[PDB]
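First comes the structure, then the notes that go with it.
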Amino acid sequence: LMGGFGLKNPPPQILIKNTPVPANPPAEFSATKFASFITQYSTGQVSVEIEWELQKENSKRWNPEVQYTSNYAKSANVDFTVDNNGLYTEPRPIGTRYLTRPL
Amino acid sequence: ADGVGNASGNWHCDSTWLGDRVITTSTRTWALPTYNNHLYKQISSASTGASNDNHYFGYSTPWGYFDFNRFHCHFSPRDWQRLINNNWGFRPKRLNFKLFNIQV
Numbered sequence: 634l635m636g637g638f639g640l641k642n643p644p645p646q647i648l649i650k651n652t653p654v655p656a657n658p659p660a661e662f663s664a665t666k667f668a669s670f671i672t673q674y675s676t677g678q679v680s681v682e683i684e685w686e687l688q689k690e691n692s693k694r695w696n697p698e699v700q701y702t703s704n705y706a707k708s709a710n711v712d713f714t715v716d717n718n719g720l721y722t723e724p725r726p727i728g729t730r731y732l733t734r735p736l
Numbered sequence: 218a219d220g221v222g223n224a225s226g227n228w229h230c231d232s233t234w235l236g237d238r239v240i241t242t243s244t245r246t247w248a249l250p251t252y253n254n255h256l257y258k259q260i261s262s263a264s265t266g267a268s269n270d271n272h273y274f275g276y277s278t279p280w281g282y283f284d285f286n287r288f289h290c291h292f293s294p295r296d297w298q299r300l301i302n303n304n305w306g307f308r309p310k311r312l313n314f315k316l317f318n319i320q321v
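First to last, the protein sequences are chains F and A.
Sequential numbering from 634 applies to the first sequence in the entry's author numbering.
Sequential numbering from 218 applies to the second sequence in the entry's author numbering.
Right, here's the structure in full:
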């Protein structure tokens, strides 16, 4: 209901964890669980590649369609860009429904 | 060659987009009068009171001619939209012309 593709078998959850690295243990054995660890974290790169199939528009409509367009007029910023502080923003929601089809 | 009762061509107005090619086809119905009562005529700016810049000399002909040289003769407005929103350029490649279903 929030929109998109209902899947019986969706893309799987991908789970990641830093492996615990104990700190120095005591010199005599204790059966108590280790509470003492070397503080650490991890970083890397992730890539996602998705192939999408397209359904082409077959229309015989004579007159021009409504299209999504950026405003041609001047402004202080460009839509869907960073500002002078480096903050990327999205000016508005963009749906998918522009082209038309007979009912 | 066809008889009196057979059509010599079919109506084709279409636009086909394939790869880097688009093929436009347009069919129109035309009417041709007799011009100049079948005569060639010398025509001129003489006795028109024309300025020097507007003078001319030439001939009018009994003939008519076909002119398809404009873009809306070929692209529909929607087709023109598809062209200009999606493409950095375009050029004409080849041409096919047909006259048919003549009635005098």
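Cβ coordinates follow ideal geometry from the N, Cα and C atoms, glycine included.
Annotation: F713 of chain F to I647 of chain F spans about 29 Å, alpha carbon to alpha carbon.
For the C-beta of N302 of chain A, the chain F residues within less than 7 Å are, from N- to C-terminus, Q700. Taking the CA atoms as reference points, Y731 of chain F sits about 11 Å from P697 of chain F. The DSSP assignment places 294–303 as complete runs of the alpha helix (DSSP H) inside the region 260–308 of chain A, in order along the chain (cut-off: 4 residues). Closer than 8 Å at the C-beta level to chain A, one finds these residues of the region 679–707 of chain F: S692, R694, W695, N696, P697, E698 and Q700. Relative to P645 of chain F, the option among F:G636, F:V681, F:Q673 and F:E686 whose CA is nearest is F:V681. Look at the beta carbons and you see the region 223–238 of chain A touching the region 288–307 of chain A: at least three pairs across the two are nearer than 8 Å. In summary, the residues of the region 286–310 of chain A whose CB is separated from some CB of chain F by less than 7 Å are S293, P294, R295, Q298 and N302, in the order they occur in the chain. Assignment of beta-bridge partners to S232 of chain A by DSSP yields A:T241. Cβ-Cβ distances below 8 Å link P643 of chain F to nothing in the same chain once the five nearest sequence neighbours on each side are left out. For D219 of chain A, same chain residues with a beta-carbon under 8 Å away, outside a window of 5 residues either side, are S225 in chain order. With a beta-carbon spacing of about 6 Å, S243 of chain A and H291 of chain A fall inside the 8 Å limit used to define contacts.
Of the candidates F:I649, F:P724, F:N717 and F:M635, the residue whose Cα lies closest to the Cα of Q678 of chain F is F:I649. Listed in chain order, the alpha helix (DSSP H) runs fully inside the region 646–712 of chain F amount to none, counting runs of at least 4 residues. Beta-bridge partners assigned by DSSP to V715 of chain F: F:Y721. The beta carbons of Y252 of chain A and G275 of chain A sit no closer together than 8 Å.
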